[PDB]
Amino acid sequence: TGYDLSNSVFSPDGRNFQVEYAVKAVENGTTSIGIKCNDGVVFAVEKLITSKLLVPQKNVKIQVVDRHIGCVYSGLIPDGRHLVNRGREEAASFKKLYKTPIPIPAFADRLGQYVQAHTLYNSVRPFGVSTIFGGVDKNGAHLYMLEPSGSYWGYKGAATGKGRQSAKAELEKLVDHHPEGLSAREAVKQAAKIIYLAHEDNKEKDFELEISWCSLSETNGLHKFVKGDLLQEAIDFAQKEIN
Amino acid sequence: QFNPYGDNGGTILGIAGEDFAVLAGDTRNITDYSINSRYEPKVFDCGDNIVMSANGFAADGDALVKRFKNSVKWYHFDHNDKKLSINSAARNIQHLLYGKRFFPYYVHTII
Amino acid sequence: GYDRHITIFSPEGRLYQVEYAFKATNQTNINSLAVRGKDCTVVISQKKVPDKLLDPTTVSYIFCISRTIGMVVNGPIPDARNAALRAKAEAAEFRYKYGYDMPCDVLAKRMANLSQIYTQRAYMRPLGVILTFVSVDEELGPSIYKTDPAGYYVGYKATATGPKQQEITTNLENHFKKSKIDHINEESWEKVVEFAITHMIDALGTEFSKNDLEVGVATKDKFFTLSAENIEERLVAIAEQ
Amino acid sequence: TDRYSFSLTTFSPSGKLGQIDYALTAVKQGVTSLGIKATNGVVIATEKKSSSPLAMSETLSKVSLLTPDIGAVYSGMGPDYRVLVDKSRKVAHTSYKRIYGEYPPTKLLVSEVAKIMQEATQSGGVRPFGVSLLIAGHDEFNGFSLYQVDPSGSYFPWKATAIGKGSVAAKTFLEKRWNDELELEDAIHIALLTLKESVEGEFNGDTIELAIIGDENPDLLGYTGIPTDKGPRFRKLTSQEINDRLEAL
Amino acid sequence: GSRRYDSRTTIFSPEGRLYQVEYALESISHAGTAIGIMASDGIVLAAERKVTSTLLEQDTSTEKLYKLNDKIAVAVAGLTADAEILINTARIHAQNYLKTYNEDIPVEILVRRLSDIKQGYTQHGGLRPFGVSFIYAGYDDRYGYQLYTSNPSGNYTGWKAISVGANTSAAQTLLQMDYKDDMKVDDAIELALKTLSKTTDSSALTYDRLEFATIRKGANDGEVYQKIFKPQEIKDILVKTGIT
Amino acid sequence: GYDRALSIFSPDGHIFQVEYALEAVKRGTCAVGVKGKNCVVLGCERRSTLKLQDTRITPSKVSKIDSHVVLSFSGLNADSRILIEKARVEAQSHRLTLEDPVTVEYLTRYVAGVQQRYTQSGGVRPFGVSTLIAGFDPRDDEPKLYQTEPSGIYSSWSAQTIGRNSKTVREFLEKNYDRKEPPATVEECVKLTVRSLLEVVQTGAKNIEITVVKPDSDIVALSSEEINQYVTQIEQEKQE
Amino acid sequence: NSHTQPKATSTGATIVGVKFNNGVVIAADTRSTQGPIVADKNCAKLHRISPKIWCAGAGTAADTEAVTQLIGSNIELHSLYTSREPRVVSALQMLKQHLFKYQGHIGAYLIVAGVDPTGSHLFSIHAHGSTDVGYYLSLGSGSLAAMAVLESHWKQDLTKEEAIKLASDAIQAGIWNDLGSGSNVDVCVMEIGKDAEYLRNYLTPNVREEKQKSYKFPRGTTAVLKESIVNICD
Amino acid sequence: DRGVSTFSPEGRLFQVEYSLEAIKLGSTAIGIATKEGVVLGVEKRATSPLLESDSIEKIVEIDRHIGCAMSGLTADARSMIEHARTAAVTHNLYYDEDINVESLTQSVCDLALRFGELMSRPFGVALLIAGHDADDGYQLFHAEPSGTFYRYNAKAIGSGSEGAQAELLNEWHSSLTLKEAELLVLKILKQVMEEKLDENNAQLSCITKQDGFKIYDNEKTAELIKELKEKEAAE
Amino acid sequence: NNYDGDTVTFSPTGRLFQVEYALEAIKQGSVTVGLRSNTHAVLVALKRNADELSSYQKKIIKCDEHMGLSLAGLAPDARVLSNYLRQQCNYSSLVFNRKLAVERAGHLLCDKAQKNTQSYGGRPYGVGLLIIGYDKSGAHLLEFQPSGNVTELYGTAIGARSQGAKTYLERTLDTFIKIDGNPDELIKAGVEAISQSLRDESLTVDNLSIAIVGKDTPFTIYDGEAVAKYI
Ligand SMILES: [Cl-]
């Protein structure tokens, strides 16, 4: 055998074992989710408080691309940052040439092609992150999830990390119970709950909640962080549901 | 055709005493027959008890001073915070200026 | 046995990485089919959306390469999209350089030559995909040309690709034995799509709803994909006969 | 970025070049193709092994025109052959026609193709080509000629030969039938006889591909006016033309 | 990365040998024998074609003997394809020298440069060496008639009579026995053929399985002529020496 | 470009590729260098398994780098040509910029520098060659003899030998060569060099090459008969 | 890039192109000039890009021949690659992009004309890389003399024989009235569904009259210093 | 095989650790720093008696105020010395002054880790860099192929290093004179050397503010050897 | 085992062993402590020596007038990274006339370290860093690891036996955070913190190394007799 030692090598199955091994690194990471709503998207993430010595609110994991796209990821944090840095260059050159801000589907492929390129050669390592991202463009709201292989699809709801199955189950219920749609402010509250419910799969260390959102009405189509009263309101809603 | 140099006027003056030294310079900045500023300093403290002024084309003057100030900073990093002597600073400035021998800084420098 | 890891010959004159790239083709477990009419070329493919959280509109293995050319892929979506982007670029560059729209067969050859390079050069792996190009060419008429990881390509009267490809192939073979002709003798593209779906149902032995299928149609001067409602309308017509 | 800057083909302790030998083994598996040289022409022929009956075998051309007076056929890996034909056509222009204002003679074009195949035997990060070519052609000063080209880059001129699946038997058949007084029509007849032995299934103009290097064809030129330009000596026989010769077989 | 698949062609063995060079020489030992004999008034080059087929075109063929310029020729032993790469380089180098100095290149200078190219492939680049051994036969106004040989190591040496390829051990013994310094071209022709006739792996030595060439001063007054023998000319010289 | 680090360290602190290059030198034909009071003599072995050779045109074992310096070697023959070429070029370059020919120490230092560079450069193997460089500096009558090796180290020697069976001939020179009183004349220096080779060679016919270098660019190679006279003289004195 | 060569041949010319019923015809004169001197009295200005695409050239003689051959070479390779007969728009696009890249320093002014699966086509290309479409076009130093005739006599729905007459009449106007043009009239007819017919020296209205005297010298007239046989053989 | 810039499970670079073993095989070199100067001394170690020992150059001048002694694969040190000399002279050109001993050592140590897959392997030689400047006075540095350098009051490198270092631990004090330091190097060298110590197989050198860097003659060192033997027999 | 030859290879459980072996080099390194209040930030570092005749390896490096770090692991790798930080701080000043934010400093280091863990040929950095600084948003303390992970903290410690000092700071969190406008008391808290990581050895005059930055205090390093106050 030895088919799993090098990247870009097909096994007799037709599989790239190195990419599958990168997925294990993603499964090891903290939980992160994405929720598509009426006129936008909501992102949320689990931040494990390793120590009292960590400064609260000052280790931000969710990243903005351009002014209208939000990105969150689970797995190797540095790999995610590298991916977002590329995303920003891709979005910058699009706007430079075509004037309009990059559409979300267009942006999704730019990342997809870049991640896929890292499964083509043995001189590079696959990305150790699944990335949930999206925003608002001319055609409305979009949510995407991108994997180490380069595979991505559009999503109504998306989840990845150690508590992905718990989060996926909770997301599937929202899609069933709200066929006509979910509002932006509601999605923020639900996002908090799902992170708290997904924390049951990582309950040794207590955690810190972090939420962001894009909405045509609430944020004027731009990416913003959820802070202050609106954040505490979402935490209280989540606290009430677990008990 | 584009001319990359300009004359910002002004004048500077250095005198050395026994245990001291002065470096003076007027604060007027001009182009042609117009006044740009009545107070635009061009004599700078560069650290290590070195004062510098690069009079002539102000853009090149600012660029040079900026680069020498930075040279002093990296001299400290690379040589254990050693004080840059005035004679060493002078030689360092020669290399800055001659570095652009074929597209010069149009300035008369005094430290 | 490092001769199985990179694209160099084995003692029996084989390229194992190329052979394993063929097995990656069926990793999605999707079957595709392509047929030609008088004025058109129709391509159909199964659509499987297992996860409830997926946005089904974004789940697609059919691509619009140029205005005239369409492409369906059998294989993983990352490699599929890699191939699609390159084909789009090549088709656009061809038009700019040579002053006319790139033919379906010429694009197929170009993508096949690119695939061949990955089988000979070591640092590049083959793509685990089979690309089926379709159009109504202005010189050659209705056209179907298919490319694989080996760098092989050829034109087709009709074709099929996927896990249950052989069952679909013989189903089509038996039809053309009977009809005695190279195509589907039918005026409108609507009925050529109905033929394609009907014969896939017979071969695979499964029934299809509007969301179980994905359809692409090539006519003169444009290629387009059908919506769920366009397919539903098409499924009704089959049931009422 | 390509970091395979080293040879993937090397000498083994016994003195064998493994990858070349294995490439020749790939050629052995390939479908039979042959070439016969006559006094007033050359014939090259092969079987069109169809991958599927739904596939249009007309679109896949195993016999290719390289220059108006030179043609080529192969046995082995089809994709490798295709790109060699592309490179062979281009090199005929860049390294000859754009210099001398005329098409290269058979031996020199063959030499350029061999050089390309030799480099794939020694250059970094590549395998040899998995094909053997037969190149038939004509030029003013050398007349008619037939060459074989192997994965190693070696080439040999032949009166007649065969390569691929049933080459051992086919070469024996040609030794009995070949003489130095053969006319072109006689060589086509022998080619069809030789090929029937190796072919198993259907044997007709649709399953057989055959081209000749013979007299000039003014009708195939496309224009008139210039007396010196008399047309291509390469001609691909049609499906109908083959079937006519199969009746009086 | 790619390190995993590197053969490391340009390294030493524990014994201080170059693996790839030694294995390339092993390859060459299976190639058709080629002999060079230097006489006082000319040079002979004889070479045995590799197992000929009856349907091979013999008259319009070139496998063993190649012309580098008007005064220099080479006999090949090993991979023909590899030899042609080196031959075209040697042909160009000879024309560069003529262009620069307006004089035909001295034989040794051409040999050294061609041997230096082979050396390069054993010391750097990570590529396999050229699986070829040459016998150089040429003339210049400094040293007169000269025979050299080069091999994949890039080492070259001068000879009075030498063989390369198959059965060199047996061939060199026979040459050492019958060769003498005051020899003529016509005698050297007879020695070359007799040696091949005994060392050959074939049943009998025939015209269609040979390549032959001479470099004489047999032209009119103080000038050198290269003769690459035709099939019929080999047939005649084979009968004239009483081999067939 | 081919980048692979071929020369690297091993757990025990050795660079095997450099050490295996020394084995190639040990395989090569013997070479000896002996320096007298007013001269240096370079002796070289030629193996006698090669008959039917053409000694006119066969590359000589001793090479002139400039009119006043010579270089002999042991090991791979093809490798030695590359070092000699580089050295000859550097010799002309030195005359061009310094307006003075190279010293023997400088030329040695340059050749040794090249050899070293090939021990820590990517994509290359070390030179399988050790050299003996000898001659006289410009306007100087003091004899110079240096040695180099694949690793890159170089040093000066009163007398030295390299190649196959070099440890035997080094043993001979160690007791026969006196530091306080070196060979006073050319004849004495040549005789000691021939004597030392006769411990190893086999026969004193066309197996031994001798080259004598004297001050002010005075270099000459001895013929067969001239060398044979030394062989005949030594053997008659031996029978005692 | 070198800003012109005066030594470089740059012939005066009259080349034209006329569209008709079932195809297109091009024509040209046959004078090549060096300054005021007539270098070639019967050169061929009609070039073949492909079998059924032909190209008339004016301006810098070396640039028109070189650019037409290069594109013709690449068109042949393109035709073999695509298994299709080459199109006029492909030659047009490849020519203009080449010429534009060199910013006019390649002084090639061309009338391109031919037939292909799309139909019959007629274009003109200027040295700087601009292209024009038309039913009738003229270039060269005698373009104004030719265009005057074309503007006077051209109509829609010309027959084959009418187009040849109009084209050659336009070239004749250049021959007589323009000093840069002269000698003969070449023509090439490209009809749809037929082979293109090249009519070298279609008209020869400028034949040299009999000389008044023969200037054959008595043998031995020229004084000689040395004779010697030259060796061409090996 | 395996990468050149690879880490071991313990957290060390394989190649750097292996180069250190090569340095242990090398000949001994000792350095001692005092307020009156810095002394450098080496074991020459001729492989044969025919080798002219005066051509063994294991002590080297970098500038007038900086000297250098080496141990290990001494051929590797040539490019390090070349770099050091250029760095020293270049700094004088740019700043019209002598360059600090520490800054010089840092410049040399920057080359050390510039290897991988830049040069193909680390250096197989350790350097003792001794010098003087106005700021920090007399200094002695030990520069390894790991890119690390320590300042030392006294230091021994080479085959007899661990035995010599233990001896330097006891003998060194802050009030050592230059003459005392010279004898101390000779004393310790004679203890760890295989062959018997003399002026031909051992070399001394020093650097002082006044006279700069000086390699001692064989006549001068011979007297110091004789002075050393007499003093040990005197008690 | 089979998946630790180079950095480009993942293990079956999704681990990068070459990165983990680089992390191991930090644990072997000497202890260093970082902590901050609202007004000031402090670095305390235990320097290590080869023997009694050698000097003590300098652990703290200055990057700008308002920023600097302490190191633990491969010192040459710290020199490379600190040099990169010096340039980035300097680029921010020359181009934007702007002092580089401590958070951006961390982001830049993260991205530099990451590139070395995804490409063939190269290797991960073998050093951990503690960056302190004072910018427009007050005092800051960062912890850099060569995996790429950078973390902002009130206090922390890295190196051998760093768990002792880290536990102390976790207990003392509420006390030392409010030491505002008092440098000497914040240092005292740091010196007491590093003392929880000592075994057999104690803090001497040429062993201890302290650095501080704050509101009206440029980044300055204290060594030798200047740290005798805190023993
Ligand atoms: Cl292509």
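Residues numbered from 1 in each chain as written, not as in the entry; some residues may be left out. Chains lettered and ligands numbered in written order. Part of a larger assembly, values for the part shown. Heavy atoms only, no water.

- As recorded in the entry header, the structure was determined using X-ray crystallography to a resolution of 2.90 Å.

## With respect to the overall build of chain F
And then number 1: The number of helices and strands found in chain F is 6 helices and 10 strands.
And then number 2: Against the globule reference of 18 Å for 240 residues, chain F gives a C-alpha radius of gyration of 18 Å, in line with a compact fold.
And then number 3: Along the first, second and third principal axes, the C-alpha atoms of chain F reach 60 × 45 × 40 Å.
And then number 4: The buried share of chain F, taken over its 240 residues, is 57%.
And then number 5: In chain F, of all internal contacts separated by at least 6 residues, the share reaching a separation of at least 24 is 67%.
And then number 6: When the accessible area of chain F is evaluated, it comes to approximately 10,500 Å², of which 46% is carbon and sulfur surface.
And then number 7: Across chain F, the 31 positively charged side chains and the 33 negatively charged ones have centroids separated by 5 Å. (Helix = DSSP H or I, 4+ residues; strand = E, 2+ residues; numbered from the N terminus. Rg over C-alpha atoms; globule rule 2.2 N^0.38 Å. Buried < 20%, exposed > 50% of the residue type's maximum accessible area, 1.4 Å probe, protein only. Contact = heavy atoms within 4.5 Å. Areas by Shrake-Rupley, 256 points an atom, 1.4 Å probe, with all protein chains shown as cover. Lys, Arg positive; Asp, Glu negative; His and termini not counted. Charge placed at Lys NZ, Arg CZ, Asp CG, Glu CD.)

## A look at the packing of helix α3 (residues 143-153) of chain G against helix α4 (residues 160-177) of chain G
All names here are of chain G.
And then number 1: One way to put it is that α3 packs onto α4 with a least axis distance of 7 Å and a crossing angle of 145°. Seen from above, α3 lies across α4 with right-handed handedness. Along its contact with α3, which presents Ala145, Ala146, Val149, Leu150 and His153, the element α4 presents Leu166, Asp169, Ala170, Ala173, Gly174 and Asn177.
And then number 2: For the contact of α3 with α4, the residue count by class is 7 nonpolar, 3 polar and 1 charged. (Axes fitted to C-alpha atoms, helices over the stretch in contact; angles between N-to-C directions. Left-handed = near helix turned anticlockwise from the far one by under 90°. Nonpolar A, V, L, I, M, F, W, Y, C, P; charged D, E, K, R; others polar.)

## Quick notes on the nonpolar core
And then number 1: In this structure, A:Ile33, A:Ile211, C:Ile65 and C:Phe133 are the most contacted members of the largest nonpolar core, which totals 76 residues.
And then number 2: Non-local contacts of A:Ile211, meaning those with residues more than four positions away in its chain, are made with A:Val42, A:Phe43, A:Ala44, A:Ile62, A:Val188, A:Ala192, A:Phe225, A:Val226, A:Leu231 and A:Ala234. (Core = buried A, V, L, I, M, F, W, Y, C linked by side-chain atoms within 4.5 Å.)

## Focus on the side chain of D:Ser145
Residues and elements named next belong to chain D.
And then number 1: Within the element layout of this structure, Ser145 appears in strand β7 (residues 143-149).
And then number 2: There is a polar contact of 3.3 Å between the side chain of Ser145 and the side chain of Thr106.
And then number 3: Not counting residues up to four positions away in its chain, the partners in contact with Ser145 are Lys37, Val42, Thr106, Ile135, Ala136 and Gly137. (Polar contact = N/O pair within 3.5 Å; in protein donor to acceptor, adjacent residues only side chain to side chain.)

## Observations regarding the interface of chain G and chain D
And then number 1: Contacts between the two partners involve 15 residues from chain G, matched on the other side by 17 residues from chain D.
And then number 2: Sorting the residues of chain G by area buried against chain D places G:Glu76, G:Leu77 and G:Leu80 first, and these three jointly supply 35% of that buried surface.
And then number 3: Inspection of the chain G/chain D interface yields 2 salt bridges.
And then number 4: Our count for the chain G to chain D interface comes out at 10 residue pairs in polar contact.
And then number 5: The set of elements that each furnish at least two residues to the side of chain G that touches chain D consists of α1 (61-82) and β12 (196-203) of chain G.
And then number 6: Here the side of chain G that touches chain D gets 7 residues from one element, more than from any other, and that element is α1(G).
And then number 7: Broken down by class, the residue content of the side of chain G that touches chain D amounts to 8 nonpolar, 2 polar and 5 charged.
And then number 8: When strand β11 (residues 223-224) of chain D meets β12(G), the two strands line up parallel, connected through 2 bridges. Opposite D:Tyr223, over in β12(G), you have G:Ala196 as the bridge partner. (Buried area = accessible area lost by both parts, 1.4 Å probe. Salt bridge = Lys/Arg side-chain N within 4 Å of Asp/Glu carboxyl O. Pairing = 2+ DSSP bridges.)

## Remarks on the sheet that holds strand β9 (residues 207-215) of chain A
Residue and element names in this part refer to chain A.
And then number 1: Taken together, the 5 strands give an open sheet; going across it, the order is β8-β1-β2-β9-β10, and neighbouring strands pair in antiparallel fashion. Only two strands of the sheet have a single neighbouring strand rather than two, namely β8 (157-160) and β10 (223-225). Averaged over all pairs of adjacent strands, the angle between their axes in this sheet comes to 15°, without regard to strand direction.
And then number 2: As defined by bridge partners, strand β2 (residues 40-48) adjoins β9 across 9 bridges and the pair is classed as antiparallel. Its bridge partner lying in β9, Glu46 is registered against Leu209.
And then number 3: Lying on the sheet, helix α5 (residues 184-198) is in contact with β1 (32-37), β2 and β9; it crosses β9 at an angle near 155°.

## Considering the environment of E:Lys118
Residues and elements named next belong to chain E.
And then number 1: Within the secondary structure, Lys118 sits in helix α3 (residues 107-123).
And then number 2: The exposure class assigned to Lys118 is buried, which follows from its relative accessible area of 1%.
And then number 3: Remark: the alpha-carbon pair of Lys118 and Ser133, spanning 15 residues in sequence, is separated by 10 Å.
And then number 4: What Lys118 contacts, discounting residues up to four positions off in sequence, is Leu86, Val132, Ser133, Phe134, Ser150, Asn151, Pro152 and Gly154.

## Notes on the side chain of I:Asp64
And then number 1: Among the structural elements, I:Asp64 can be located in strand β3 (residues 60-64).
And then number 2: Of note is the side chain of I:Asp64, whose polar atom sits 3.4 Å from the side chain of B:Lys73.
And then number 3: Setting aside residues no more than four positions away along its own chain, I:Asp64 makes contact with B:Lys73, I:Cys89, I:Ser93 and I:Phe219.

## Remarks on the interface of chain E and chain F
Interfaces are often sized by the accessible area lost when the parts come together.
And then number 1: Each partner contributes residues to the interface: chain E has 39 residues there, and chain F has 31 residues.
And then number 2: Buried surface at the junction of chain E and chain F, both sides included, amounts to about 3,000 Å², of which 56% is carbon and sulfur.
And then number 3: On the chain E side of the contact with chain F, E:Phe12, E:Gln123 and E:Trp159 bury the most area, a combined 23% of that side's loss.
And then number 4: Two residues, E:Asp116 and F:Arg81, come together in a salt bridge whose shortest N-O distance is 2.8 Å.

## A closer look at the pattern of salt bridges
And then number 1: All chains considered together, the criterion is met by 89 salt bridges over all chains.
And then number 2: A:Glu172 serves as the salt-bridge partner of C:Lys52, at 3.8 Å between the closest nitrogen and oxygen. Taken together, the residues span two chains, with C:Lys52 in the loop between β2 (41-46) and β3 (62-64) and A:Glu172 in helix α4 (residues 164-177).
And then number 3: Classification of C:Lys52 by relative accessible area gives partly exposed; the value is 39%.
And then number 4: Under the relative-accessibility criterion, A:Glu172 is labelled partly exposed at 27%.

## Some thoughts on the arrangement of the chains
And then number 1: At no point do chain F and chain G touch; the closest pair of C-alpha atoms across them sits 29 Å apart.
And then number 2: Nothing in chain D touches chain H; the tightest C-alpha to C-alpha distance between them is still 11 Å.

## Quick look at the packing of aromatic side chains
And then number 1: All chains considered together, the criterion is met by 45 aromatic pairs over all chains.
And then number 2: A centroid spacing of 5.2 Å and a plane angle of 85° characterise the contact between C:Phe94 and C:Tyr100, whose relative ring orientation is edge-to-face. Neither residue differs from the other here; C:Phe94 and C:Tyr100 are each classed as buried.
And then number 3: Seen from their ring centres, D:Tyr96 and D:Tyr100 are 4.6 Å apart, and the 50° between their planes marks the pair as tilted. Residue D:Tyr96 and its partner D:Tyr100 are both found in helix α2 (residues 78-100); the two are separated by 4 residues, about one turn of the helix.
And then number 4: Through a chain of ring-to-ring contacts, three or more aromatic side chains come together here, namely A:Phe107, A:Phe133, A:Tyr144 and A:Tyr152.
And then number 5: Across the ring face of B:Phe77, the terminal group of I:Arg86 is positioned such that the distance to the ring centre comes to 4.0 Å.
And then number 6: Over the face of the ring belonging to I:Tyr84 we find I:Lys112, whose NZ or CZ atom lies 5.3 Å from the ring centre. (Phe/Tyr/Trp six-rings, centres within 6.5 Å; stacked < 30°, edge-to-face > 60°. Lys NZ or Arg CZ within 6 Å of the ring centre and 35° of its normal.)

## Considering the pairing of β9(A)
One face of the sheet, then the other: side chains in a regular strand alternate in exactly this way.
And then number 1: For β9(A), the buried fraction is high: 9 of the 9 residues fall into the buried class.
And then number 2: Side chains A:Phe207, A:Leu209, A:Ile211, A:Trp213 and A:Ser215 project from β9(A) onto one buried face, and the interleaved A:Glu208, A:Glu210, A:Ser212 and A:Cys214 project onto a second face that is buried too.

## Here we look at a negative patch on the surface
And then number 1: Side chains of I:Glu52, I:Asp200, I:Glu201 and I:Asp206 sit close together on the surface and give a patch of like negative charge.
And then number 2: Residue I:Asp200 is classed as exposed on the basis of its relative accessible area, which comes to 87%. (Patch = residues over 30% accessible without salt bridge, like charges linked within 9 Å, V, L, I, M, F, W, Y side chains within 5 Å.)

## Focus on a positive patch on the surface
And then number 1: On the surface, a cluster of positive charge is contributed by C:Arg121, D:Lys87, D:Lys90 and D:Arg98.
And then number 2: Among the structural elements, C:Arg121 can be located in the loop between α3 (104-120) and β5 (130-137).
And then number 3: Taking relative accessible area as the criterion, C:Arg121 reaches 39% and is therefore assigned partly exposed.

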